[PDB]
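Asker: Just one file: start05.csv, with CSV, C-alpha atoms (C1' of nucleotides).
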```csv
chain,number,residue,atom,x,y,z
L,188,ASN,CA,-45.9,-58.5,3.1
L,189,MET,CA,-45.0,-61.8,1.4
L,190,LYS,CA,-47.4,-64.7,1.6
L,191,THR,CA,-44.4,-66.9,2.7
L,192,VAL,CA,-44.5,-64.9,5.9
L,193,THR,CA,-48.1,-63.7,6.3
L,194,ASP,CA,-51.6,-64.4,4.9
L,195,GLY,CA,-53.2,-61.0,4.8
L,196,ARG,CA,-54.3,-58.3,7.2
L,197,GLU,CA,-57.1,-59.7,9.2
L,198,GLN,CA,-58.8,-56.4,9.9
L,199,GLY,CA,-55.6,-54.4,10.5
L,200,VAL,CA,-53.8,-57.2,12.4
L,201,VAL,CA,-51.4,-59.5,10.6
L,202,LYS,CA,-51.9,-63.3,10.4
L,203,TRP,CA,-48.6,-65.1,10.4
L,204,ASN,CA,-48.0,-68.2,8.2
L,205,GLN,CA,-48.1,-71.1,10.7
L,206,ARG,CA,-45.0,-72.8,9.4
L,207,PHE,CA,-43.1,-69.6,9.2
L,208,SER,CA,-44.3,-68.7,12.7
L,209,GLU,CA,-43.0,-72.0,13.9
L,210,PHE,CA,-39.7,-71.4,12.2
L,211,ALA,CA,-39.4,-67.9,13.9
L,212,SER,CA,-40.2,-69.3,17.3
L,213,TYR,CA,-37.6,-72.0,16.7
L,214,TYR,CA,-34.9,-69.5,16.0
L,215,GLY,CA,-36.3,-67.0,18.4
L,216,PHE,CA,-36.4,-64.0,16.1
L,217,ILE,CA,-39.6,-61.9,16.2
L,218,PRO,CA,-41.0,-61.2,12.7
L,219,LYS,CA,-42.3,-57.8,11.6
L,220,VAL,CA,-43.9,-56.5,8.5
L,221,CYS,CA,-43.7,-52.8,7.5
L,222,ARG,CA,-47.0,-52.1,5.8
L,223,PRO,CA,-48.9,-52.6,2.5
L,224,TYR,CA,-47.3,-50.5,-0.3
L,225,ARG,CA,-44.7,-48.8,1.8
L,226,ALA,CA,-41.1,-49.9,1.2
L,227,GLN,CA,-39.5,-46.8,2.9
L,228,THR,CA,-39.6,-48.5,6.3
L,229,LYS,CA,-37.0,-51.0,5.1
L,230,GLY,CA,-34.8,-48.5,3.2
L,231,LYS,CA,-31.6,-50.1,4.4
L,232,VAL,CA,-32.1,-53.3,2.5
L,233,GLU,CA,-33.6,-51.7,-0.6
L,234,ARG,CA,-30.6,-49.3,-0.9
L,235,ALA,CA,-28.3,-52.3,-0.4
L,236,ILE,CA,-30.1,-53.9,-3.3
L,237,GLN,CA,-29.5,-50.8,-5.4
L,238,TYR,CA,-25.8,-50.9,-4.3
L,239,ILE,CA,-25.4,-54.6,-5.3
L,240,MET,CA,-27.3,-54.4,-8.6
L,241,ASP,CA,-25.4,-51.3,-9.7
L,242,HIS,CA,-22.0,-52.4,-8.4
L,243,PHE,CA,-21.7,-56.3,-8.6
L,244,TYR,CA,-24.4,-57.4,-11.2
L,245,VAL,CA,-23.8,-54.8,-13.9
L,246,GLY,CA,-21.0,-56.3,-16.0
L,247,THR,CA,-20.1,-59.5,-14.2
L,248,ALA,CA,-20.5,-62.5,-16.3
L,249,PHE,CA,-21.2,-66.1,-15.1
V,1,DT,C1',-42.0,-49.2,24.1
V,2,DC,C1',-44.0,-49.3,19.4
V,3,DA,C1',-42.9,-48.0,14.3
V,4,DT,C1',-39.8,-45.4,11.5
V,5,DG,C1',-35.7,-44.3,4.4
V,6,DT,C1',-30.7,-44.8,3.7
V,7,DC,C1',-26.2,-45.0,1.1
V,8,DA,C1',-23.2,-44.4,-2.7
V,9,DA,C1',-21.7,-42.2,-6.7
V,10,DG,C1',-21.0,-38.4,-9.7
V,11,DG,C1',-19.8,-33.8,-10.6
V,12,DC,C1',-17.6,-29.6,-9.6
V,13,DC,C1',-14.3,-26.8,-7.4
V,14,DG,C1',-10.0,-25.8,-5.3
V,15,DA,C1',-5.4,-26.7,-4.5
V,16,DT,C1',-1.1,-28.7,-5.7
V,17,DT,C1',2.3,-30.5,-8.8
V,18,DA,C1',4.7,-30.7,-13.1
V,19,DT,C1',5.9,-29.0,-17.7
V,20,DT,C1',6.4,-25.4,-21.1
V,21,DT,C1',6.8,-20.8,-22.6
V,22,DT,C1',7.7,-16.0,-22.0
V,23,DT,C1',9.7,-12.1,-19.9
V,24,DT,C1',13.2,-9.8,-17.3
V,25,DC,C1',17.7,-8.8,-15.4
V,26,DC,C1',22.6,-8.3,-15.5
V,27,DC,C1',26.9,-7.6,-18.0
V,28,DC,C1',29.5,-6.2,-22.0
V,29,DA,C1',30.1,-4.0,-26.5
V,30,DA,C1',28.8,-0.9,-30.3
V,31,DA,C1',26.1,2.7,-32.3
V,32,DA,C1',23.1,6.5,-32.2
V,33,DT,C1',21.0,10.3,-30.2
V,34,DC,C1',20.9,13.9,-27.1
V,35,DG,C1',22.9,17.5,-24.1
V,36,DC,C1',26.0,21.0,-22.8
V,37,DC,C1',29.4,24.4,-23.6
V,38,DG,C1',31.9,27.6,-26.4
V,39,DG,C1',32.6,30.4,-30.3
V,40,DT,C1',31.0,33.3,-33.9
V,41,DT,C1',28.0,36.4,-36.1
V,42,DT,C1',24.5,39.9,-36.3
V,43,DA,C1',21.9,43.6,-34.6
V,44,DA,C1',21.1,47.2,-31.5
V,45,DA,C1',22.5,50.5,-28.2
V,46,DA,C1',25.8,53.7,-25.8
V,47,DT,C1',29.6,57.1,-25.3
V,48,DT,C1',32.8,60.6,-26.9
V,49,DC,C1',34.4,64.2,-30.0
V,50,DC,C1',34.1,68.9,-33.1
V,51,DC,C1',31.6,73.8,-34.4
V,52,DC,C1',26.9,77.2,-33.8
V,53,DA,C1',24.1,79.7,-30.7
V,54,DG,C1',22.7,81.5,-26.3
V,55,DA,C1',23.4,83.4,-21.8
V,56,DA,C1',26.1,85.5,-17.9
V,57,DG,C1',29.8,88.2,-15.7
V,58,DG,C1',33.4,91.7,-15.2
```
Render the structure in this file as structure tokens.

Answerer:
Amino acid sequence: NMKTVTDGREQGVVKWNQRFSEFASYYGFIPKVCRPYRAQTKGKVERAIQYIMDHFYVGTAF
DNA sequence: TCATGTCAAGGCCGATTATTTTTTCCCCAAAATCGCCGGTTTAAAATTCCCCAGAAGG
């Protein structure tokens, strides 16, 4: 639930940001939002974040 | 058909490979210990030879 993709739960239903909704309709992909304060529903990407931040960005210097 | 947690690393165990140390086996030579047989010595037991008494036979 990022404000760059939504604008709050209008009584349970989600209100999509108009510009982002236009962007999604342009590329055709349907957006979805998991839920407030529940990151389990997107465990794949969070675990990938753990993977990258404990494998790549641990000692690499730039 | 919605929404819905997933992946990697670390630790432990087992098996395999490599290195080192210890123990055993086989063959030969020398020394020591043990076993068997024979001979010698000691102790105990058996047999035969002379005079006194008793019993039996002619």

Asker: How close does chain V get to chain L? List, as a tab-separated table, each residue of chain V within 8 Å, its nearest atom pair and the distance in Å to one decimal, counting all atoms listed in the file.

Answerer:
```
residue	atom	partner	partner_atom	distance
V:4	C1'	L:228	CA	6.1
V:5	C1'	L:230	CA	4.5
V:6	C1'	L:231	CA	5.4
V:7	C1'	L:234	CA	6.5
V:8	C1'	L:238	CA	7.2
```

Asker: Counting all atoms listed in the file, find the residues whose atoms lie at most 6 Å from (-40.4, -65.0, 8.3) (file coordinates) and write them out as a PyMOL selection string.

Answerer: chain L and resi 192+207+218

Asker: Rounded to one decimal, what separation in Å do you get between CA of residue 210 in chain L and CA of residue 188 in chain L?

Answerer: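 So the answer is 17.0 Å.
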
Asker: Work out how far apart CA of residue 236 in chain L and CA of residue 201 in chain L are and give it in Å to one decimal.

Answerer: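 Taking CA of residue 236 in chain L and CA of residue 201 in chain L, their separation equals 26.0 Å.
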
Asker: If you count only C-alpha atoms (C1' of nucleotides), which residues fall within 10 Å of residue 206 in chain L, apart from same-chain ones fewer than 5 positions away, as an MDAnalysis selection string?

Answerer: chainID L and resid 191:192 211:212
